[PDB]
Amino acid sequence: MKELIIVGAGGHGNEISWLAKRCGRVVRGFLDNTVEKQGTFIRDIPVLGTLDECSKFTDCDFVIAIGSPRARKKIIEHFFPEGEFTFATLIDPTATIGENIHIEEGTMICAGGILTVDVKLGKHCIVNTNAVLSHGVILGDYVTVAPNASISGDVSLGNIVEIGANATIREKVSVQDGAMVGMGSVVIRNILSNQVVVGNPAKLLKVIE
């Protein structure tokens, strides 16, 4: 397999370098724009430079290890024009991937995650540690599912949706593009575009756009 460039040397990039290693991949390094991170390492893996150096590594697979759905979309749209780069799909050896699971390029399925049956993910999704996506779940592009999220059957998550840590989503709930579910929320109603909901039961906090 090609060596991997990880975009993002923060908390998510730290954990995705670990995922890559567990997947048997060689990480060439990170690209990160943070001034303080130039010349730095995570566990023997160098920050090689800024995102505008990505054209130096067309021989590598990429993943965008940045938790914010919008930040991944923005990076793809600016730095990764269609067909110029290839993207890894990283599935932790301890993740459970069942039957009729469809996962598009750039997606990261972390340790202990469970996707049961008939689950569809778009490009550059994240399913973090110990999260569960039950039967018939659909994710759009650039969806972030945080650790321990509980995504019940037939839930639909639009593009650039974020589901916070240990939140719970009732079966058949639809979450429209750009919405965010706070950590620990108990979601029993559909959510409209760009809405942030929090609490038990989940209620509208604010709109993100």
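Residues carry their position along the shown sequence, with the first being 1.
**Student:** Averaged over C-alpha atoms, is the B-factor higher for 92 to 100 or for 78 to 86 in this PDB entry?
**Tutor:** Per the PDB entry, the higher value belongs to 78 to 86.
**Student:** Hey, which bit's got the bigger mean C-alpha B factor in the entry, 32 to 40 or 171 to 179?
**Tutor:** Higher mean C-alpha B-factor: 32 to 40.
**Student:** Looking at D141, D59, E162, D154, which one carries the largest C-alpha B-factor according to the PDB entry?
**Tutor:** By C-alpha B-factor in the record, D59 ranks first.
**Student:** Would you mind ranking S193 by its C-alpha B-factor against the rest of the chain and naming the third, lowest, middle or highest?
**Tutor:** Its C-alpha B-factor belongs to the highest third of this chain's values.
**Student:** Against its chain's modelled residues, does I64's Cα B factor rank lowest, middle or highest third?
**Tutor:** Middle third - that is where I64 ends up once the chain's C-alpha B-factors are sorted.
**Student:** Could you place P46 in the lowest, middle or highest third of its chain by Cα temperature factor, using the values in the record?
**Tutor:** Middle third by C-alpha B-factor.
**Student:** Could you tell me which third, lowest, middle or highest, the C-alpha B-factor of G199 occupies within its chain?
**Tutor:** According to the entry, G199 has a C-alpha B-factor in the chain's lowest third.
**Student:** Relative to the other modelled residues in the chain, which third contains the C-alpha temperature factor of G13: lowest, middle or highest?
**Tutor:** According to the entry, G13 has a C-alpha B-factor in the chain's lowest third.
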